[PDB]
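> Dumping the structure here so I can ask a few things about it.
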Amino acid sequence: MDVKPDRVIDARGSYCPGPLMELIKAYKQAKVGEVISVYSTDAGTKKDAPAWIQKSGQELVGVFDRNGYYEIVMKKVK
């Protein structure tokens, strides 16, 4: 995605992680052609995170790391 998106998206232990929705709820925060960066720790959003944007309507970004807190990015494309 825009990985260069500027937004507030972080989920700690939200599975999908729990933040899996942080994206879907992000698309509403951002706008098409935009990007948003999310994070988590549950290590679930890493898999779902890339699913939130799928519905959110933002570009599919790439950002996954399980060192303390995961996160995902999405380029608003609604």
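How things are named: the first chain in the structure tokens is A, the next is B, and so on; residues count from 1 in each chain; ligands count from 1 in the order shown.
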Near segment 25-39 of chain A, counting only C-alpha atoms, which residues have an atom at most 6 Å away, once you skip same-chain residues fewer than 5 positions from it, shown as a ChimeraX atom specification?
/A:2,5-7,9-11,56-58,70-78
> How would you write, as a list in words, the set of residues in chain A that DSSP gives as strand (DSSP E or B)?
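Answer for chain A, restricted to strand (DSSP E or B): residues 11, 36, 37, 40, 58, 59, 60, 70, 73, 74, 75 and 76 of chain A.
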> When distances are computed from only C-alpha atoms, which of A:3, A:20, A:51, A:15 shows the smallest separation from residue 63 of chain A?
A:3
> Residues of chain A classed as helix (DSSP H, G or I) by DSSP on the backbone are to be reported as number ranges by chain.
A: 20-27, 45-56
> One decimal, in Å: what's the spacing between atom CA of residue 65 of chain A and atom CA of residue 19 of chain A?
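If I compute the distance from atom CA of residue 65 of chain A to atom CA of residue 19 of chain A, I get 14.0 Å.
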> I need the residue nearest residue 18 of chain A from this list: A:66, A:60, A:54, A:41. Use only C-alpha atoms for the distance.
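Closest to residue 18 of chain A, using only C-alpha atoms: A:41.
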> In Å to one decimal, how far is atom CA of residue 68 of chain A from atom CA of residue 55 of chain A?
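Those two atoms sit 26.1 Å apart.
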> Could you please determine the separation between atom CA of residue 59 of chain A and atom CA of residue 12 of chain A in Å, to one decimal place?
22.4 Å
> For residue 23 of chain A, which residue out of A:44, A:64, A:69, A:53 is the nearest one, using only C-alpha atoms?
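Going through A:44, A:64, A:69, A:53 one by one, the smallest distance to residue 23 of chain A is for A:53.
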